[PDB]
Every structure is written in C-alpha cells, then in structure tokens.
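Student: Residue numbers (the deposited numbering), protein chains in the order written: chain Z, 5 to 290; chain F, 63 to 103, 115 to 147; chain E, 37 to 389; chain A, 88 to 174.
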Amino acid sequence: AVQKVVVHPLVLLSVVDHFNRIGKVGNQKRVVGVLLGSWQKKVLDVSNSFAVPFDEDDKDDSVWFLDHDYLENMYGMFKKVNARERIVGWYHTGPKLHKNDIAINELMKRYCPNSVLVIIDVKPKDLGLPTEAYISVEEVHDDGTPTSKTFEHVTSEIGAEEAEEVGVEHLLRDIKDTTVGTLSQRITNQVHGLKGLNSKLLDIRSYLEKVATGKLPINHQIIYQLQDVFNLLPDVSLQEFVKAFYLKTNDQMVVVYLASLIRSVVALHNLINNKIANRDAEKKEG
Amino acid sequence: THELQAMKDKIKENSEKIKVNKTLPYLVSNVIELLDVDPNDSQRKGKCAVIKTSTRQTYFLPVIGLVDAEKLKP
Amino acid sequence: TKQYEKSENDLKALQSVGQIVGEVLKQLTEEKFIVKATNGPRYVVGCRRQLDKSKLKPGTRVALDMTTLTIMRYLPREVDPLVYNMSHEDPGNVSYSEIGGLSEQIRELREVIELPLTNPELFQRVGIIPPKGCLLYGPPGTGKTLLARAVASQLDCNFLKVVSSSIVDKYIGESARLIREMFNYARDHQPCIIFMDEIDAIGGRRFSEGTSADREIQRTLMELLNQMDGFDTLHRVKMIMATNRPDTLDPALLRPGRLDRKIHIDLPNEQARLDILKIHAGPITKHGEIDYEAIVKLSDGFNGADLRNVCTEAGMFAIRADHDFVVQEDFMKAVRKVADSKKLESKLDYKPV
Amino acid sequence: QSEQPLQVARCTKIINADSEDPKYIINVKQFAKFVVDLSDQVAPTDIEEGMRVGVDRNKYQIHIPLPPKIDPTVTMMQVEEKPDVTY
Ligand SMILES: Nc1ncnc2c1ncn2[C@@H]1O[C@H](COP(=O)(O)OP(=O)(O)OP(=O)(O)O)[C@@H](O)[C@H]1O
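This is the structure:
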C-alpha cells in the first residue's frame, strides 16, 4: 500500500493560507481540506490541493460535513488543468486527531481505495520535522475487540521540485548555505545529542509511567523488542571497548596521518609562495 | 440515471477541444509499431509508439489515443 | 455509461505533450549524458528519478524530453526496412522439387543451406569452413527466384529480402547504413538468408563514373565488400545474389568470399522437361488421351516461364474452343505456334544486340 | 491600418484530396499536409484538386486561391523576347 509520503511546502501553505481565512472570520475547529495527491510510484507525493469549508461540532463531537459540490466540480477544474493530479485523501492541521476521523475517511473511500490523511502544523513548535502522515488500515487487535480501524503512522519527508524554488528560496535570504564541511556536521552533533537524548529521557520517563498507570499499552511487543536492538551495545561503563580500543585509534590512524602529511605540504604551499610573492613586491616597490 | 446529459456535455466540449485539435496541423507523421513496458524501479504498464515527422524530426508519444494499435501495420 | 468518463479521463492524459527521440553517444558523468537526436544536435542533459541503470546502454536509442531533454524510456533501435522485407510470400515447399532440374542443383542447394543449420558438428570436428554465401545468376533457364524463394518462404520468420530498388533509396539518401543493417540483422536471425536480384544497375563499377550518382553506388559497394569479406563473422548466415551478367561485379564480387558458390542455371532438358510437364499438367484439365513426350519434343530450349504460360496459352486457345477437356492436338497447335512466335521476338540467344 | 491582414497569406500550397465537402487536404511548403476548412469569402467550388491557395495562419481557414506562377529559371529565358529576323 502506502509506505512513505512526500509533502511539499506549496501544498502545506495551501493549508496555512486557509488558516488566515477561517482565522480572521472564526471560529471553532481547525483547517480541514481535501488533499490532491500524485502517485508515480509506491512512494506518495503531493503537489497542490484545495481547501473546502468544513465544520465539526463539539457536543456532537462526531459531527462533520464535507462539501461534495465543491469536491466534485473543482476536481474537474483541476482535472482539466492537470490530468495526473487527483485526490489521494484529506488533511487537517490537528494538532491531535479525534475519534470521529474514522467517518471522514470511510465516507471518501468511494473516491479512492485508500485515503491518507495528513496532519499538519500551522505554527512550528516542537519537537522536530513537522506535520505527520496516517494511513487507514484494519489491524483488528489481539485482545478480541471487533475489527478496529486505527490510523497507522506513516513517515513523512519534505521534498522540492523544479521552478518552485524561485520565490520560496528567495524570500528567506537569511540562511547561510550550506556550509558543508565545517559548521554543518558539528551543529547536528550538538542536535543529535540534544534531540536524541531528550526523546530518550522522554520515553524512559514514559516507560516508568507505564508501571504506575497507563497499562495497556502493554505495548506489545514493539517497545522492548526494538529497545533490545538498541541494546546490541548499551554502551555502559566503561564502553566495553577493550576489543574496540586498539581499533578506535586505528580509525584515527589515517585521519591524523592525512592531517599532518597534507598540512605540511599545504604549509609548504602557503609559506613558500607567500614569502616569494611578498619579497617580490615589497623590496621592488621602494 | 440522469447524469448522462451532464456527462455527455463534457465529451462534446472535450471533443470541442478536439475540434480545436481538428484545426489545424502543420505537421504530418510516419508511424512505427512499438511495444514498451518499463518495470519500476508501484508499477506503470501500457504501450507506446514511435512518431516521425515531415520536418525530419522523430518524436515520442504514448499509443494513440484515439485510434488504437489494432490498426494498422506502420 | 461511466466508460465515457473513463475514456475522456484517458484523453486528459493525452494532453501530455509528446517527447523527442535520440541516440545515446557516451556519458561524461552521472549528471551529463551525451545524446544525439535524430536531427543530429548533441546535448548533455540530466535525468529524472524514474529511470534505472539499463537506460544508459552502449549507444542505444532513447527518448529525450522537449524541455530539459531528459530521457523518459528507452526502446530498441531500428530503421525498419525489415518488416517491409518480411512482407513477401510464395507457395512451397513443393515448388522445391517441382522444377525437376538440374538434379545436382536440387540436392546441393538443399545441403549448403539446411546442413549447416541442423549439423554444425561436421564443420567443427573436421575443421572446415562452411560456405557463407552463394551466387545464382540468369536467365540460362529458370529456377533462380523459384527455388531460392521457396526455401525462404518455407523458413518462415528467418529470412531477409532485398530489392534492387531500395539501394538507390532517395535523393541524398544513405544506403550505406542499410548495407550495415542488412548484415547486422543477418547476424541476429540465424541462419539468415539474403536475396539480391538484378545487381547490374546497383553493382556499378568505378571504371566509368557517371555524373554524381555513380559514387553513391560505389559507397554501397564498399559497404558490401567490407562486411562480406570480413573481419566480421558471416559464417553462420548464408547470402545469395542474382545478376544477368557478371560483367560489372568487378574482381571484388567475382572473387570467392563475398560471393562463394556460383551455380549457373541450366535450361530444361528433354529428360528434365518430362518432369516439369507433369507438374504443369496438374492444374490444367486434359483429355483422357495425353502424351507428355509430344509437348516436350515440340518445345525445346524454352524456360519454365515459357512452358507454363504457353501451356496456359494453350488453355486460352482451349477456351476459344469452349471445350473443358481438350486433346493435346489443340494444345500442340497453340503450344508450338505461340512459342515459335516468342522466338522471333526476343533476339537472345545467342546473338547480342 | 491594413497591416495585420494580408500578412497571413503565406504560404503557397497545393491541395491533394477531400475527405468531406467542407474539409480538404493541402500539401504545404512545410512538407506536411494541411487539412483545412474555407472562409465565407471563397466558395467551396473555387478550390479544386491541384490548386495553389492562400491561408490565414490565425484561424487556419483558406484565404484566397492564387493560380499564377510562371516558369523555372531555365524556361523563363526560353520565352520569346522581342521580334527578330523579319522576312
Ligand atoms: N518451371 C516453372 N514452373 C512453374 N512456374 C514457373 C517455372 N518457371 C518460371 N515460372 C514462373 O515464372 C516466374 C519467374 O520465375 P524465374 O525467376 O525462375 O524465371 P525468370 O528469371 O523470370 O525467367 P526469365 O528471366 O527468362 O523471364 C515465377 O513467378 C514462376 O511463377
């Protein structure tokens, strides 16, 4: 089915500019629209879309209305300008979904065999790569529940396209690019420890929280099964590197040698050619 | 079962877009029989053909669309 | 009625503009691929993400985009004279042994062709090179187009036909790539068989070079002379040629190699003419009293096309008498008269004009 | 003021066959064939097979037929110029 999806910044702003529509006029709920996808392969891609008037009552938390007259004719408007472009599902800005979303997806399954909902974020905050992707399947359950429809998380990645970077990448203008080789890798090292060890601390605190309350999730079993894959080496004090110690510096072997050897020749290029060219102009000027 | 007429209007307007495709070609082509299916790399299947021109260029377009490949030899 | 919506949505995909095709030359890097369009300009362009490693190829045709000139899909390259070459046809089978003579030419043409196909072992174990070509010329009798094309049509999908009208091609046309293509596909389908008939016009000698049009005949020659005497292995594929006289073939074609076995057609003989009359009397109805020696003796030195068509001329004289079954007396009349009339029309043999 | 019209006249082209009454086909100097209707200014009987006609490159309909063309370079000299050798 659908493994991964690709969300462009263009369709994302089509959710954001509609937040300026219902934001100034109010009132409740959020931005909800129909998503126009493009399927050239198992990987899913999204280019454009169209926002539809949508409302969801609170009380009455399960009440939702799509507009099919706006869904029908405008599709033919977009089908005429773009033939390959078609609706792959719907979307919304969340941030957190509600149980009623089982009815929104099941109603539009007449248009598409599988509708993929995209939860986006209008204001970026935390903790990382934004928005979200969900796919609608039926896993039933191990406990004996009736057949259950639960949206499974789909990995989402942003992507670019030709001619769309004209105004987009121009308006920012404030970023330093890239710069690969100096600050690019070392900044992420401070981030991969930050973002890596905070979700670590966040999850281990939730694992302790599972003992107190919140059982189920049992999970099961993905919690500890994937944790033990991390446990191939812990690493614990100290590092158990007795076999990897003499190999450690052995990886630093070529790195230090190429450093000292080339820098000595780079110095021979820097020192010699400078003193030559400097002694030339200096003493011959006066 | 009354959606026929509204659906029959778009086939004539698309044919009206074929009627602007009727007028008017500056190009005449020679036909080449071809069968092409590319596995990726979910699956894209179909048939394509090779297209010459009177200007000596040779173009590439999928199997027509309208008249199918049942007729004829190139 | 949704088939109309399905049909029009498919025509919406037809709004996609068509691309152009070209031939890959080489590759500078992964982001630059040298490609030569059919028009002859050469571009170095990038590529999209839907292709694979099989797209590159060693000089194979590809389809370039109309904007960035990128390649979409690759297709096998052909200039396609060959489908036109396979549009021929002929009955037989049977027509192999219907001619009746010469018996030594009937048995030999069956060997040099069919034996290398079924039994290559005799060549590799004894260590001898099988003949890769043959020459059948005329018209001292018939059987050139009958016997050779019979095995051709019976060999079904494996064959190659060449008409002398396709060598001149068109004004500022290139037949040099046709000669290389004709022998290229001859190395694909095996054993291939090629027929070249009436080479006196296209076999032009370079002794006397007329106008601008004699050199382009020499170019097609040198292309034939190179690959037939190659240096490029034709050993498995058989080639056949036909000509009226081997005067203009030059020492290149008259040599072995490019033309290996030259078998001269022999006119029907009184012993062999008895067999060819048996196959002629099959389709035509005759009277209960018939003598085959009468028609054979009254017609001498006549080609098979002369005997057959005059035997039908005897039937046209037989329908002048409206009789269905007709005695050979009315036949011998129309056979001898009309044939003796044909002899005072064309001068040869033996005297040249 | 007449600038834009009469420009579309190009090019000279000889018609070949007719599929229907309103539509014909014309071979044009661009080496392709021109399947065309006709403007209301010219009757359909004025366009016959093997005739050189004009066109309007905007709407692509026929403009006016042009019969005349005189000789190649070789035979235009072969035409008589002035009398000589009087008896
Ligand atoms: N012995 C024969 N029996 C039946 N048909 C024959 C015979 N000889 C010739 N023909 C007919 O004549 C045609 C030409 O045959 P072929 O090429 O062998 O002779 P040819 O070279 O045309 O002779 P010529 O050059 O004297 O006309 C064939 O299509 C064949 O039908």
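Using N, Cα and C, we set each Cβ at its ideal position, and we do this for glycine too.
When you compare each of E:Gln263, E:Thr256, E:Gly337 and E:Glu365 to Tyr386 of chain E by their alpha carbons, which one comes out closest?
Tutor: Counted from its first residue, the third sequence places residue 386 of chain E at position 350. Nearest C-alpha to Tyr386 of chain E: E:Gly337.
Student: Could you name the residues of the stretch 36-47 of chain Z whose beta carbon sits closer than 7 Å to any beta carbon of chain F, in the order they occur along the chain?
Tutor: Here the close residues are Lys45 and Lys46.
Student: Leaving out five residues on either side along the sequence, give the residues of the same chain with a beta carbon under 7 Å from the beta carbon of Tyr115 of chain Z.
Tutor: Residue numbering aside, residue 115 of chain Z sits at position 111 when the first sequence is read from its first letter. These residues qualify, in order along the chain: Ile91.
Student: Let me check you understand the geometry: is the CB of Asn339 of chain E closer than 6 Å to at least one non-hydrogen atom of ligand 1?
Tutor: The residue given as residue 339 of chain E occupies position 303 in the third sequence. Yes, ligand 1 has a heavy atom inside 6 Å of this Cβ.
Student: With a threshold of 7 Å between beta-carbons, can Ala87 of chain Z be considered close to chain E, or not?
Tutor: Locating residue 87 of chain Z in the first sequence gives position 83, counting from the first residue. Interface residue (Cβ-Cβ distance to chain E less than 7 Å): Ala87 of chain Z is classified as such.
Student: Please report the residue range of the alpha helix (DSSP H) in which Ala222 of chain E lies.
Tutor: As a position in the third sequence, residue 222 of chain E is number 186, starting the count at 1. Note, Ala222 of chain E: alpha helix (DSSP H), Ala212 to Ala222.
Student: Taking all protein chains shown into account, do 16 or more other C-beta atoms lie within 10 angstroms of the C-beta of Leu260 of chain E, making it buried, or fewer, making it exposed?
Tutor: Within the third sequence, residue 260 of chain E is the residue found at index 224, counting from 1. Buried, since its Cβ has 16 or more Cβ neighbours within 10 Å.
Student: Report yes or no: do the stretch 149-167 of chain E and the stretch 262-282 of chain E share at least 3 C-beta pairs separated by less than 8 Å?
Tutor: A contact exists between the stretch 149-167 of chain E and the stretch 262-282 of chain E.
Student: Looking at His323 of chain E: is its Cβ nearer than 7 Å to the Cβ of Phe361 of chain E?
Tutor: As a working note, residue 323 of chain E is residue 287 in the third sequence. As a working note, residue 361 of chain E is residue 325 in the third sequence. In this structure, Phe361 of chain E lies closer than 7 Å to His323 of chain E by Cβ.
Student: For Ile280 of chain Z, does the count of other Cβ atoms within 10 angstroms reach 16, so buried, or fall short, so exposed?
Tutor: The count along the first sequence starts at 1 and reaches residue 280 of chain Z at position 276. It counts as exposed.
Student: First and last residue of the alpha helix (DSSP H) that includes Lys120 of chain F?
Tutor: Counting from 1 along the second sequence, the entry for residue 120 of chain F is found at position 47. Note, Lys120 of chain F: premise wrong, no alpha helix (DSSP H); not H, not E.
Student: Does any residue of chain Z have a CB that is nearer than 7 Å to the CB of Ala49 of chain E?
Tutor: Here residue 49 of chain E refers to the residue found at position 13 when the third sequence is read from its first residue. For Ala49 of chain E, the answer is yes, since a Cβ of chain Z falls inside 7 Å of its Cβ.
Student: Cβ-heavy atom distance between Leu153 of chain E and ligand 3 below 6 Å?
Tutor: No copy of ligand 3 occurs in the structure displayed; its ligands are ligand 1 alone.
Student: Using the beta-carbon count (16 or more within 10 Å), is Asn77 of chain Z buried or exposed?
Tutor: Within the first sequence, numbered from 1, the residue matching residue 77 of chain Z stands at position 73. That one is exposed.
Student: Roughly how far, in whole angstroms, is the beta-carbon of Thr178 of chain E from the beta-carbon of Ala341 of chain E, given that I think they are within contact range, below 8 Å?
Tutor: Locating residue 178 of chain E in the third sequence gives position 142, where the first residue counts as 1. Locating residue 341 of chain E in the third sequence gives position 305, where the first residue counts as 1. Their Cβ separation, rounded to whole angstroms, is 6 Å, which keeps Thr178 of chain E and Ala341 of chain E in contact under 8 Å.
Student: Comparing C-alpha positions only, which one of E:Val60, E:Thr74, E:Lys72 and E:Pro77 sits nearest to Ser90 of chain E?
Tutor: One-based indexing of the third sequence puts residue 90 of chain E at position 54. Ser90 of chain E has its Cα closest to that of E:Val60, out of E:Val60, E:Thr74, E:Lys72 and E:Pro77.
Student: State yes or no: is the beta carbon of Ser77 of chain F nearer than 7 Å to at least one beta carbon in chain Z?
Tutor: Here residue 77 of chain F refers to the residue found at position 15 of the second sequence. For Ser77 of chain F, the closest Cβ of chain Z is not nearer than 7 Å.
Student: Using a C-beta to C-beta distance shorter than 9 Å, which residues of chain F count as neighbours of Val122 of chain A?
Tutor: In the fourth sequence, the residue the question calls residue 122 of chain A occupies position 35. What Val122 of chain A touches in chain F, judged by beta-carbon distance under 9 Å, is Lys84, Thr85, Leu86 and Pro87, going in chain order.
Student: Kindly indicate if chain Z contains any beta-carbon less than 7 Å away from that of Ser91 of chain F.
Tutor: Stepping through the second sequence from its first residue, residue 91 of chain F is reached at position 29. For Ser91 of chain F, the answer is no, since every Cβ of chain Z falls outside 7 Å of its Cβ.
Student: For a contact meaning CB atoms closer than 8 Å, what does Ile238 of chain E contact in chain F?
Tutor: The sequence position of residue 238 of chain E within the third sequence is 202, counting from 1. Here the premise fails: no neighbours, minimum Cβ distance about 25 Å.
Student: Applying the 10 Å Cβ sphere with the 16-neighbour rule, what's the burial state of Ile162 of chain Z?
Tutor: Numbered from its first residue, the first sequence carries residue 162 of chain Z at position 158. Under this definition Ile162 of chain Z is an exposed residue.
Student: For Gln263 of chain E, which of E:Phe219, E:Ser248 and E:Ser123 has the nearest alpha-carbon?
Tutor: The residue given as residue 263 of chain E occupies position 227 in the third sequence. The candidate whose alpha carbon is nearest that of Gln263 of chain E is E:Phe219.
Student: Classify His22 of chain Z as helix, strand or coil using the three-state DSSP reduction.
Tutor: Indexing the first sequence from 1 puts residue 22 of chain Z at position 18. Collapsing the DSSP output to three states places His22 of chain Z in a helix.
Student: Within its chain, find whatever has a CB closer than 6 Å to the CB of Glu136 of chain Z; leave out the 5 residues flanking it on each side and keep chain order.
Tutor: The residue labelled residue 136 of chain Z in the question sits at position 132 within the first sequence. Answer for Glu136 of chain Z: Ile123, listed in chain order.
Student: Going by the beta-carbon positions, is the gap between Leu118 of chain E and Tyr221 of chain E smaller than 7 Å?
Tutor: Stepping through the third sequence from its first residue, residue 118 of chain E is reached at position 82. Stepping through the third sequence from its first residue, residue 221 of chain E is reached at position 185. Result yes, Cβ atoms of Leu118 of chain E and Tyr221 of chain E sit closer than 7 Å.
Student: Which residue comes first and which comes last in the beta strand (DSSP E) that contains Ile229 of chain E?
Tutor: Taking the first residue of the third sequence as 1, we reach residue 229 of chain E at position 193. Judged by DSSP secondary structure, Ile229 of chain E falls within the beta strand (DSSP E) whose first and last residues are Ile229 to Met232.
Student: So which residues on chain F does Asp336 of chain E lean against when the C-beta distance must stay under 7 Å?
Tutor: One-based indexing of the third sequence puts residue 336 of chain E at position 300. The contacting residues do not exist; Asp336 of chain E stays about 46 Å from chain F at best.
Student: According to the neighbour-count rule (16 or more other Cβ atoms, all chains shown, within 10 Å of its Cβ), is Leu131 of chain Z buried or exposed?
Tutor: Sequence index remark: in the first sequence, residue 131 of chain Z carries index 127 (1-based). Answer is exposed; the Cβ neighbour count stays below 16.
Student: Strictly by DSSP, which residues pair up with residue 294 of chain Z?
Tutor: With chain Z running from 5 to 290 in the structure shown, residue 294 of chain Z is simply not present.
Student: With DSSP collapsed to three states, give me the class of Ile280 of chain Z.
Tutor: Residue numbering aside, residue 280 of chain Z sits at position 276 when the first sequence is read from its first letter. Residue state, collapsed to three classes: helix.
Student: So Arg144 of chain A packs on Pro152 of chain A, CB below 8 Å; how close in whole Å?
Tutor: In the fourth sequence, residue 144 of chain A corresponds to position 57, counting from 1. In the fourth sequence, residue 152 of chain A corresponds to position 65, counting from 1. Your pair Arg144 of chain A and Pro152 of chain A does not check out as a contact, with CB atoms roughly 17 Å apart and the cut at 8 Å.
Student: Pull up the CB-CB distance for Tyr88 of chain F and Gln55 of chain E, whole angstroms please, since I reckon it's below 8 Å.
Tutor: One-based indexing of the second sequence puts residue 88 of chain F at position 26. One-based indexing of the third sequence puts residue 55 of chain E at position 19. In fact, because the Cβ distance is near 19 Å, the residues do not count as touching under 8 Å.
Student: May I have the straight-line CA-CA distance separating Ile230 of chain E from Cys193 of chain E, to the nearest angstrom?
Tutor: For this step, residue 230 of chain E is matched to residue 194 along the third sequence. For this step, residue 193 of chain E is matched to residue 157 along the third sequence. Spanning the alpha carbons of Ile230 of chain E and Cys193 of chain E requires a straight line of approximately 13 Å.
Student: Identify which residue in E:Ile215, E:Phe69 and E:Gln254 has its Cα closest to the Cα of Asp236 of chain E.
Tutor: Residue 236 of chain E sits at position 200 when you count from the first residue of the third sequence. Residue E:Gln254 is the option with its Cα nearest to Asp236 of chain E.
Student: Taking the Cβ atom as the reference point for each residue, do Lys8 of chain Z and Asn102 of chain F lie within a distance shorter than 7 Å?
Tutor: For this step, residue 8 of chain Z is matched to residue 4 along the first sequence. For this step, residue 102 of chain F is matched to residue 40 along the second sequence. Cβ atoms of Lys8 of chain Z and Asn102 of chain F: not closer than 7 Å.
Student: Indicate, with yes or no, if ligand 1 has a heavy atom lying under 6 Å from the CB of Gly179 of chain E.
Tutor: On the third sequence, residue 179 of chain E is found 143 positions in, with the first residue counted as 1. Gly179 of chain E Cβ: within cutoff of ligand 1.
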